[PDB]
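Trainee: my complex, first installment, coordinates as in the assembly:
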Amino acid sequence: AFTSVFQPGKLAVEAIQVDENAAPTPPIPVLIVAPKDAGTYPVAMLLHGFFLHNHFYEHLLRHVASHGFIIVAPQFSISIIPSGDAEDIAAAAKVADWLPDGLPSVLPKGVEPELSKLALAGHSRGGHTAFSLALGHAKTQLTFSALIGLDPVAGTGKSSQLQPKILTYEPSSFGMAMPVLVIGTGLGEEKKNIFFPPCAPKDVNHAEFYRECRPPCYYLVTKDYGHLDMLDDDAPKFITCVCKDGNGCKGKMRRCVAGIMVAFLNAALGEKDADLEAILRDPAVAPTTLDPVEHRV
């Protein structure tokens, strides 16, 4: 038995997208996945990676909420003009400051957002943008309480990182209060097709992020999977083939990532601090091979 987090969440889920055509109109289009079943629920924000559509993350969202969670992932613009990620950083802040008056309005009947409990997470660049906002470089009316890093990336290399190079290369240097989790794709470093460079350059690799983390800080790595394997299966192949692609059921790791997340959030936004632990004690429960996996408190 152990943890059913990896397993599908019993609560049913509903897919909601605001097209800026529903008052209060949002700062930008965001996809909202919330349990249709009534009851106050915690809320979380996911940041789409560059050249990626929130829709490509449907499976992860559905499962996460299915286990009891309200997830809102904005579809940032191509951000062509904005240098670095500043634009994305602010956009999320706007969404965050938009949730209070907009989430309740769009939320399905019976669903109330305990915004008091809010967490931020990002994939690749999206992860950079998030940690940035978490590092408080920008400003948000609400207050976060957890940070999940979906194999985050920082830039081409140390000499060249997105705005700003939050990385300091000093262990435990992140002055953040929200406990943080960093899931890693082992093959992220491994390159593929040659012409295409590593999607997860080292130095900017999730690894340096987890290192600069300050206890509390949790770390798990999907050894046999790729930077974009978690993306939904329907993922436009001409948009995913770039990164290395594990030789295994993308659905599996997708479920594994979902479980890792719910446990972390449950142990943060929520109150249960046992599922994540059991995982930490016996990662074998995971569908995939989580290695390495270490904890700092």
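Mentor: That came in fine, so what should we check first? Numbering: from 1, shown residues only, chains lettered A, B, ... in the order given.
Trainee: Check which residues of the longest strand along chain A are buried.
Mentor: Using DSSP state E to assign secondary structure, the strand with the most residues in chain A is strand A:111-124. Neighbour counts over strand A:111-124 (16 or more other CB atoms under 10 Å) mark A:111, A:113, A:115, A:117, A:118, A:119, A:120, A:121, A:122, A:123, A:124 as buried. (Each C-beta comes from the backbone N, C-alpha and C, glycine too.)
Trainee: Then stretch A:15-26?
Mentor: A:16, A:17, A:18, A:26.
Trainee: Kindly indicate which of those residues lies nearest residue A:75.
Mentor: Taking CB to CB as the measure, residue A:75 sits nearest to residue A:17 out of the buried residues of stretch A:15-26, at 8.5 Å.
Trainee: what's the neighbour count on residue A:229?
Mentor: Neighbourhood size, residue A:229 [other CB atoms under 10 Å]: 28.
Trainee: got the contact list for it?
Mentor: Applying CB atoms under 8 Å, 6 or more residues apart in numbering, we find residue A:229 in contact with A:185, A:222, A:243, A:245, A:246, A:248, A:250, A:253, A:254.
Trainee: the strands in the stretch 1-150 of chain A, which residues?
Mentor: Using DSSP state E, counting those that start in this stretch, the strands assigned to the stretch 1-150 of chain A run over residues A:13-18, A:30-35, A:39-47, A:70-74, A:111-124, A:147-152.
Trainee: Look up which helix or strand residue A:255 falls in, please.
Mentor: For residue A:255, the host element (DSSP states H and E) is helix A:250-266.
Trainee: Would you tell me what the next helix or strand after that helix is?
Mentor: With elements assigned by DSSP H and E, the helix or strand that comes after helix A:250-266 is helix A:275-281.
Trainee: Please work out how many residues are found near residue A:12.
Mentor: 11.
Trainee: That should have said residue A:215, apologies.
Mentor: Using other CB under 10 Å, the number of residues around residue A:215 comes to 11.
Trainee: Look up how far residue A:295 lies from it.
Mentor: Here the distance between residue A:215 and residue A:295 works out to 8 Å (CB to CB, to the nearest Å).
Trainee: And for residue A:30?
Mentor: Distance, residue A:30 to residue A:295, using CB to CB: 32 Å.
Trainee: May I see the buried residues of the helix ranked longest in chain A?
Mentor: Using DSSP state H to define each element, chain A has its longest helix at helix A:86-106. Along helix A:86-106, these residues count as buried under the neighbour rule (16+ other CB under 10 Å): A:86-93, A:95-96, A:98-99, A:102-103, A:106.
Trainee: helices and strands around that helix, which ones?
Mentor: Judged by 3 or more CB pairs under 8 Å, 6 or more residues apart in numbering; DSSP states H and E, helix A:86-106 is in contact with strand A:13-18, strand A:30-35, strand A:39-47, strand A:70-74, strand A:111-124, helix A:125-134.
Trainee: Out of these, flag the one nearest residue A:55.
Mentor: Comparing the helices and strands packed on helix A:86-106 by CB to CB, strand A:30-35 comes nearest, at 6.7 Å.
Trainee: Dump that closest one to CSV, keeping only the CA atoms.
Mentor: C-alpha atoms of strand A:30-35 as CSV (Å, rounded to 0.1, in the frame of the first residue of the first chain):
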residue,chain,number,x,y,z
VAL,A,30,-4.2,30.8,-17.7
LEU,A,31,-5.4,27.2,-17.6
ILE,A,32,-7.2,26.3,-14.3
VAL,A,33,-7.6,22.7,-13.2
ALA,A,34,-9.7,22.4,-10.0
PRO,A,35,-11.7,19.6,-8.2
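Trainee: following sequence is chain B, place it on the structure:
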Amino acid sequence: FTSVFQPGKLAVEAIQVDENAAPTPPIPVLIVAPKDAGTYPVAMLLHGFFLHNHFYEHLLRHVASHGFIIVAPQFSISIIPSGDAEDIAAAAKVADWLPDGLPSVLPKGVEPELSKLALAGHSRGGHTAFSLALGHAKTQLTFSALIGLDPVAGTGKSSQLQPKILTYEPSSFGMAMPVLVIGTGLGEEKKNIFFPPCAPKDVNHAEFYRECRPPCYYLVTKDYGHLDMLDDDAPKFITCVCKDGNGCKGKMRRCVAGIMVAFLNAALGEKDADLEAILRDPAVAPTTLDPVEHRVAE
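Mentor: Placing chain B onto the earlier chains gives this:
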């Protein structure tokens, strides 16, 4: 290159031609077509009951990846109780819209070889399509093949969704198109007691194929269920209604994709290569194809 059961080299794109597009589609349609231009055949996939075409995106992409412009009609609630006619007519309208409408939405440069048109359905969607083919309607474009994804005639032998295409008499189907019946071994299995089998017996892949007539082919994924081919981002709230296999769903999605991809290649290119091999040794398939029977005139 025997690269079947695997992604096609052609990059694909998804376009949801809405009623607000011109020519306006008779009914909303999701068209997944190769991004690169060239002569691409056309095929129509009809979704099952209480299902959305978005749920078939993966399979659609894999097939299309093998150079196939696919049209996915998004049927709407049928007011007529026990009536597939509304959907049958909607599918037919989609066919006549294909000529003028499809090249206007296709990636600029991509062009459809309508001459080679194919029709496919899922569950009640399969009933819908088999009906059109049998000729319950008349489409100016003449389709050239019929595929049934675990066809579902209706509730039971005494309760078939009208039109009752089933005759229970072998090779009664008076159609001149090659027919492919991909079934699921778990479709006839109930679930939760309260949920009756999604592919009821006496109206499942077992008879559907029998009434089919040469050329006629039959393949069954013993390891998967009725909806297991739907995408993994499925609502679940609905997907769970049907028995779910324990094997990787994505495995079946590609398995069905290949079986279909080949059948299409065999009837529209007479390559009769991947298909012959699959029929020769189902092992090549990632999943477990059983039973597998083919009745070619010669």
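Trainee: Once more for the buried residues of stretch A:15-26, now including chain B?
Mentor: A:15, A:16, A:17, A:18, A:26 (16 or more other CB atoms under 10 Å in any protein chain shown).
Trainee: For the third one, list each beta-bridge partner.
Mentor: In this structure, residue A:17 has beta-bridge partners residue A:31, where bridges are defined by DSSP bridges.
Trainee: quick one on the thing from earlier: any idea how far the longest helix of chain A is from the middle of the chain?
Mentor: Centroid separation for helix A:86-106 versus its chain: 16 Å, with CA atoms, centre = their mean, to the nearest Å.
Trainee: ok, residues contacting that helix?
Mentor: With CB atoms under 8 Å, 6 or more residues apart in numbering or on different chains as the test, helix A:86-106 has contacts from A:16, A:18, A:22-24, A:26-28, A:30, A:32, A:43, A:45, A:47, A:70, A:72, A:74, A:76-77, A:79, A:81-82, A:112-113, A:115, A:118, A:120, A:125-126, A:129-130, A:132-133, A:137-142, A:163.
Trainee: Just the closest of the buried residues of stretch A:15-26 to chain B, please.
Mentor: The closest of these to chain B turns out to be residue A:15 (CB to the nearest CB; 7.6 Å).
Trainee: Up against chain B, what does the stretch 101-250 of chain A have?
Mentor: A:232, A:233, A:234, A:236, A:237, A:238, A:249, A:250 (CB under 8 Å from any CB of the partner chain).
Trainee: Check those for burial and list the buried ones.
Mentor: A:232, A:233, A:234, A:236, A:237, A:249, A:250.
Trainee: Where does the stretch 1-150 of chain A get nearest to chain B, which residue?
Mentor: residue A:58 (3.4 Å).
Trainee: what separates that residue from residue B:241, distance-wise?
Mentor: To residue B:241, residue A:58 is 19 Å away according to CB to CB.
Trainee: got it, and residue A:201?
Mentor: Counting by CB to CB - residue A:201 and residue B:241 are separated by 45 Å.
Trainee: Same question for residue A:225.
Mentor: Taking CB to CB, one finds residue A:225 at 30 Å from residue B:241.
Trainee: And for residue A:235?
Mentor: On the measure of CB to CB, residue A:235 and residue B:241 end up 26 Å apart.
Trainee: if I've got this straight, residue A:183 is in a strand?
Mentor: Yes: under the criterion used here (DSSP: H, G, I helix; E, B strand; the rest coil), residue A:183 sits inside a strand.
Trainee: For burial, what's the neighbour tally of residue A:202?
Mentor: 12 (other CB atoms under 10 Å in any protein chain shown).
Trainee: Can you pull the phi/psi pair for it?
Mentor: Taking degrees, to the nearest 10, you get phi -60, psi 180 for the backbone angles of residue A:202.
Trainee: And for the spatially closest residue to it that is not a sequence neighbour, the neighbour number?
Mentor: Closest residue to residue A:202 in three dimensions, ignoring its sequence neighbours and counting by CB to CB, 6 or more residues apart in numbering or on different chains: residue A:189, at 5.8 Å. Close neighbours of residue A:189, defined as other CB under 10 Å, add up to 17.
Trainee: I'd guessed residue A:189 sits against residue A:203; true?
Mentor: No: between residue A:189 and residue A:203 there is no contact under CB atoms under 8 Å: 10.4 Å.
Trainee: intersection of neighbour lists for these two?
Mentor: Common contact partners of residue A:189 and residue A:203 (CB under 8 Å, 6+ apart): none.
Trainee: In contact with residue A:292, which residues?
Mentor: A:219, A:221.
Trainee: actually residue A:169, not the one I typed
Mentor: Residue A:169 makes contact with A:158, A:208, A:212 under the criterion CB under 8 Å, 6+ apart.
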